[PDB]
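Chain by chain, the residues run as shown.
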Amino acid sequence: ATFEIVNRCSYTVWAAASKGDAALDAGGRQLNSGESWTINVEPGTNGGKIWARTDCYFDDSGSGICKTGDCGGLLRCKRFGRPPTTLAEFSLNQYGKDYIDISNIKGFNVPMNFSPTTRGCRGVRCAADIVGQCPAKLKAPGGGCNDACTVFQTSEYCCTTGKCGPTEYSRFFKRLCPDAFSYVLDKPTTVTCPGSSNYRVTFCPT
């Protein structure tokens, strides 16, 4: 499958693409304002994620640091990123279908649209000003709005027992972005697309 990743933000982001134990394609790249990066993701990929990182410094070896979404200090991510990260999530060719969603379960850093470029399903978006409106206790100093699990590390926020409810914090994310997951057991906002669809992830879509 092909994913076109487009930075419409007025600032540079460092895109990242991983399935948790391996890079997808190159794994990461700098995207200046307006730039597009096309990646190929193997059919059958389960548990893939794409995200943006902000305020990164990398040396000539591809080693460094980002203020949001850092993946062990590498430009080319092999592992998932440090919250807060708005997440585009996908599993491809699962019994003939692709499944896509946006998640705020690991917080929010950059607004995002995740849409198919081929026919047969709709896209999803979270483009509200979550950072501006972020509750004080969830504000990340480096930028972004943390989820409550990351901040407080309780069974209720992290849904550790497999039983948890919505919270004041999850409801904040849900109010601003209804079409994104706000906590682990949120009513699913997953979209079912035809197997082997292609996609575009747009940072700062509006």
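See the structure above.
Residues numbered from 1 in each chain as written, not as in the entry; some residues may be left out. Heavy atoms only, no water.

Draft legend 1. How the structure looks around the state of the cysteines. Per the counting criterion, the structure on display carries 8 disulfides. Each sulfur in the disulfide pair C56 and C66 lies 2.0 Å from the other. Judged by the sign of its S-S torsion, about 105°, the cystine formed by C56 and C66 is right-handed. You can see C56 sitting in the loop between strand 5 (48–53) and strand 6 (57–58) and its partner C66 sitting in the loop between strand 7 (64–65) and strand 8 (87–94), a full 10 residues away along the chain. Across this residue pair, the class does not change: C56 and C66 are buried. Each sulfur of the disulfide joining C121 and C193 lies 2.0 Å from the other. Around the S-S axis, the bridge from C121 to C193 shows a dihedral of about 100° and counts as right-handed. With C121 in the loop between strand 10 (112–116) and strand 11 (124–126) and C193 in strand 13 (residues 191–194), this residue pair connects regions lying 72 residues apart in the sequence. (Disulfide = S-S within 2.5 Å. Helix = DSSP H or I, 4+ residues; strand = E, 2+ residues; numbered from the N terminus. Buried < 20%, exposed > 50% of the residue type's maximum accessible area, 1.4 Å probe, protein only.)

Draft legend 2. Geometry of unusual backbone geometry. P83 connects to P84 through a cis peptide bond whose omega is 5°. For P84, the location among the structural elements is in the loop between strand 7 and strand 8. For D25, which is not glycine, the phi dihedral falls at a positive 55°. Inspection of the secondary structure puts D25 in strand 3 (residues 23–31). Here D25 falls in the partly exposed class, since its relative accessible area comes to 40%. A positive phi is found at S196, a non-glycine position, where the angle reads about 70°.

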